[PDB]
S.K.: 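Let me give you the structure first, and then I'll get to my questions.
First the proteins, then the strands, lettered A, B, ... as listed; each starts at 1. Atom set for the values below is all heavy atoms of this structure, side chains included, hydrogens, waters and symmetry mates excluded. Each ligand, and each atom within it, is numbered from 1 in the order the structure gives.
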2 protein chains.
Amino acid sequence: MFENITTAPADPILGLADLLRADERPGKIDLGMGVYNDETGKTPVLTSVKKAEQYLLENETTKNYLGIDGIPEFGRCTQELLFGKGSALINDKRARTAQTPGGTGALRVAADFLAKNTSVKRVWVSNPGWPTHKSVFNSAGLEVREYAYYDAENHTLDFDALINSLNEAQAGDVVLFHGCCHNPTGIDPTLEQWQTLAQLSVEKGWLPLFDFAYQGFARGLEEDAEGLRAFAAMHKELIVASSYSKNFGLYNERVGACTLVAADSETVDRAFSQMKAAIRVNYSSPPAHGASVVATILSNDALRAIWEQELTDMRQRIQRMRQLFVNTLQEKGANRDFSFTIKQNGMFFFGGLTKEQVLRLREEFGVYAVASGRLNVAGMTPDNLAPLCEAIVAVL
Amino acid sequence: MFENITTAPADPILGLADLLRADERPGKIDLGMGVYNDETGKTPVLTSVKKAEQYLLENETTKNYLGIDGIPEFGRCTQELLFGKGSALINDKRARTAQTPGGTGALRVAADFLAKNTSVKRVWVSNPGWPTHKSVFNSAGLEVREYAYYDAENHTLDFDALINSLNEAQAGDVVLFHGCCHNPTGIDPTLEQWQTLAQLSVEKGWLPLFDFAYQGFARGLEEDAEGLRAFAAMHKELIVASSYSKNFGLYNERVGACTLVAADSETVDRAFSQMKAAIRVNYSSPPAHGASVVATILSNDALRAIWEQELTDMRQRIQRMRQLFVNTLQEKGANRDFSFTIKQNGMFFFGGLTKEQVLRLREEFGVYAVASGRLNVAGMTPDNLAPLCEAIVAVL
Ligand SMILES: *Cc1c(COP(=O)(O)O)cnc(C)c1O
Ligand SMILES: *Cc1c(COP(=O)(O)O)cnc(C)c1O
């Protein structure tokens, strides 16, 4: 049965882990996957998380199955975090949230739900964008079309090209937006642009799908959700795939959510029943630990305060590394200006390297990055910064 | 987009949870889902599990992503538990295991892997059987055919009908077997029958797929795997979807595994790369907590000893309830003999009620069971046994 199976192509992002494994050189620098590192180059468990796990260890009395949609408190807290404490969507009961195994899992559930219960045939994703998006939607049998987004020469959001590109999108099509911290450009729409996009979306009849994996990494928790809330204020229907992998440092516990929004309570409930059916034939019910940690923290004033501060510190360290990176490049002799990286929100640096330069950095300097030229700024520390820049200056 | 979505049909098993929720009557007895209960009617966290979680809370230093296939130690321990400490499959490196979100998740990964990378068109499942099997395989685009298995009149495995039924199965077809504790009959093949089935399977050219969710609940950990090992000794290829939900009481942490076996190391690796691709576009990587607990326990002699004893106690309590159930039915006036339930392995009791009787038990007595007439013996306690039997005697 398996004699003719062909080897699968390596994943451009997740595949870096395997290459790093094989490389036995001592000075390897991992700037591939979007994972936060502290000044010591480690990816620690948040303190607020440790305290939540301590609490669970002492008060948890059973591991009995959660409902198909997960922990109810988790859903409410996720909705508040997304739409705002007193949002009308929450009051009118127009939203239903299902706990999922990570943001990627949320995207899969959304894709299966769409393919089987709606007339959606196309999903529009940005270019440049996150490769996993095409893979997930394609695996569900939906076609992916790309829309322009980045002005590679000026390092800004090419709004005109974006609008012009989406005009080929027909009503009933799904258009995917990154809530904040666009992966990989790091350039997000301004509030006014978000408002124009929401407006346009309503007229064209698109079904907006927001991938929200970095809430809190651009400017703040509430600020990062203004784009989404702008859309939520005008749309009757929408979908949100969010993740707690990064803002909680719960990467391997797979904590995400898929939120469905309909015109009214009656409609979202009927639709959500089908979303639950898509989960039922996938993994049945979600893993409790990670989501439990998130629910516990967001529900406890004390823990939540500690957590928000830790998030703030993470965002701030990355912002400081961007300056140090740019500065160190200038005093190391870089024959090019990489100051535009200061405007980029999120964990990454993008737009200054070719795939060959990335390949040379790996083979000759042991510096690992995505072939697209995306480097994880969150992986830079005061210790690896010097050798990292020396390697870069050597390939420019 | 969602105006015309139709409400989804309730799940015959998972749907009981919602009905129980709505029923406000005080004396409700939940005998639906297969979850273990102790004498007090609670589903506790195993002591060995609590100790493992204590250990993780103190030694875990990061929540960084696991590889697509999960924790490596978890895979090795799962293989040893399945094939035996010094199995040839392990020595020859013919097996690859991917940690999955539960046994159901394992089945989904196997189904997606099969549909996309092989010529498999049909999957054969038993009748009676577990409804979720058809749902999962059908959702992947594979057709499900049923094979006879139970002698409803004698309450035994109808081997002749089984063989005769599978003769319509062509080479290249997938045939699904329950490793032990057949759900819901509780009647498993004898070692000799397993050997005849393995033999037959090799000649017909079937691809065996074992659903192993109750290892340790029939007779013991090693004994329950003899059927599987019988097949593993003669087949070049096979698939195993196992679960730790029950034998570890880790239901909501979603701990399962999908093991792939090929003729040689070279072939399993190539095939496994495609299985990883199927996971990549689903949930990306598995939840660490649950599998970590399992790896920790199976790797620590002390913890493992405690765990094996707890498993032994669970199997023993269920066995004692079967006797008490049968006895209490006789002294309560049952006009029928339910002694055949003593031979049934696992958590359930099956074969003595009609769907109407089950419906009446619910509506009039607040006793909840699956419409198929399957009751969770593991849910019976010395306290609810009397009223439970009184209700049953009233509907016979
Ligand atoms: C990190 C990320 C996700 C979700 O990650 P999970 O690990 O699955 O929670 C989704 N979309 C983008 C663009 C991301 O960068
Ligand atoms: C319980 C069970 C499973 C797996 O359950 P999970 O909760 O997904 O781990 C698989 N097959 C059968 C027949 C089962 O009874």
S.K.: With sequence neighbours excluded, what pairs up with B:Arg145 under the side chain to side chain contact (heavy atoms under 4.5 Å, CB included) test?
M.R.: B:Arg122, B:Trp124, B:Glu143, B:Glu168
S.K.: Using a strict cut-off of under 4.0 Å between a residue heavy atom and any atom of ligand 2, list the qualifying protein residues by chain and number.
M.R.: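 For ligand 2, the residues that come within the 4.0 Å heavy-atom cutoff are A:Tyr65, B:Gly102, B:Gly103, B:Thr104, B:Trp130, B:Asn183, B:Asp211, B:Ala213, B:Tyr214, B:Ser243, B:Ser245, B:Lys246, B:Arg254.
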S.K.: Is a side-chain N or O of A:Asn64 found less than 3.5 angstrom from the main chain of B:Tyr251, in a donor-acceptor match?
M.R.: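 Not at all, since once roles are kept as given, no pair shorter than 3.5 Å links the two residues.
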S.K.: Does A:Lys246 pair with A:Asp224 as a salt bridge, N-O distance under 4.0 Å?
M.R.: no
S.K.: Angle between ring planes, A:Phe177 versus A:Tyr147, binned at 30° and 60°: parallel, tilted or perpendicular?
M.R.: tilted
S.K.: Assess whether side chain to side chain donor-acceptor pair (under 3.5 Å) is satisfied between B:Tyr244 and B:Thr78, documenting all intermediate values.
M.R.: CA-CA 10 Å; B:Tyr244 288 107; B:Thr78 293; 2.8 Å; yes
S.K.: Could you give me the CA-CA distance, side-chain angles and deciding distance for A:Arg108 and B:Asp112, then say whether salt bridge (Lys or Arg N to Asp or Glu O under 4.0 Å) is met?
M.R.: CA-CA 13 Å; A:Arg108 177 49 179 272; B:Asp112 289 342; 3.5 Å; yes
